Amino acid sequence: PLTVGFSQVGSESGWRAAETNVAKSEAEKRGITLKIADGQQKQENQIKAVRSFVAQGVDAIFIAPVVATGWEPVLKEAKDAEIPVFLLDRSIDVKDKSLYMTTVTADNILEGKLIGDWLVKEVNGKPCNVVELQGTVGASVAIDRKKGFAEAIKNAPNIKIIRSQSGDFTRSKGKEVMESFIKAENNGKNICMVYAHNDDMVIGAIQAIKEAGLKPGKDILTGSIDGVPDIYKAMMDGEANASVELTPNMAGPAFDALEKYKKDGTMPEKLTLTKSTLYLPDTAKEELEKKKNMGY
């Protein structure tokens, strides 16, 4: 029997809730005992959880690292204990890449690029002021999604990012920050598009846009990432424009790699990429139907 300790970031978004659900169902069908620690969005809580898993002598540790920095000490402890570590859905910045087995993740630069490329085509040379709702400060995915979008719009100077602040990857903070952007930009009239690093923040933004008396999806376009059910519902109501799907099944490939490793010492590739796909309202109904069956 295998026991895996998973240090989870928390439950800040519908996507992460689905990731947790899928981690559980994946573990269950594989006969793996999965212990999930909830970090409540704090790195030090995650480090404490990892230390507990090491002390307990679990067979493997999964970590969704809330931010990219500060993991060397605890990863050295896990390595000294000979407990393999698998990173899910965010990445870390360490010199010693042998401190973990693999990172299962999307290409988050690509995710940002997909939204940026879409926007360039959508506005077709016309002026477009963008407001950006970033993810958690220091999260690899926020850094990368910012970069991908920025690079995609570079040759379209008609597009300008005029506001950018973290919305903590939550609906509530996304709404709060969007409200501040709207008030700072002529009741939202000087805003063409909101780019949110996740769907949840943009769903909060959609509320703020409506409450300001504007039409989300028309007066202010939306581009975001995850493909949570509620973004497709928003698309079907005409209130959201573009979203990049992110599989909630980050745990599956990690379990695959773990099982192979425990069976005969087969090491995984250092980067295990999941597939990213842009979805627009024309496929929203079909994608929404695929979702209650994807962990949501």
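For every residue, the number given is its place in the sequence shown, counted from 1.
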Next on the checklist: Mean Cα B factor from the PDB record: higher for 246-254, or higher for 267-275?
Outcome noted: 267-275
Checklist outcome for this item: Averaging the C-alpha temperature factors as deposited, the higher value of 193-201 versus 121-129 falls on 121-129
Checklist entry - Based on what the PDB entry reports, which of 141, 114, 81, 221 has the top C-alpha B-factor? => result 81
Item to check | Residue of maximum C-alpha B factor among 225, 75, 150, 209, per deposited coordinates | outcome: 209
Checklist outcome for this item: Of the three thirds of Cα B-factor ranks in this chain, residue 261 occupies the highest
Checklist entry - Sorting the chain's CA B-factors, does residue 94 end up in the lowest, middle or highest third? => result highest
Item to check | CA B-factor placement of residue 184, once the chain's modelled residues are sorted into thirds | outcome: highest
Checklist outcome for this item: Assert third(CA B-factor, residue 12) within chain per record equals middle
Checklist entry - In terms of the chain's CA B-factor thirds, is residue 135 lowest, middle or highest? => result lowest
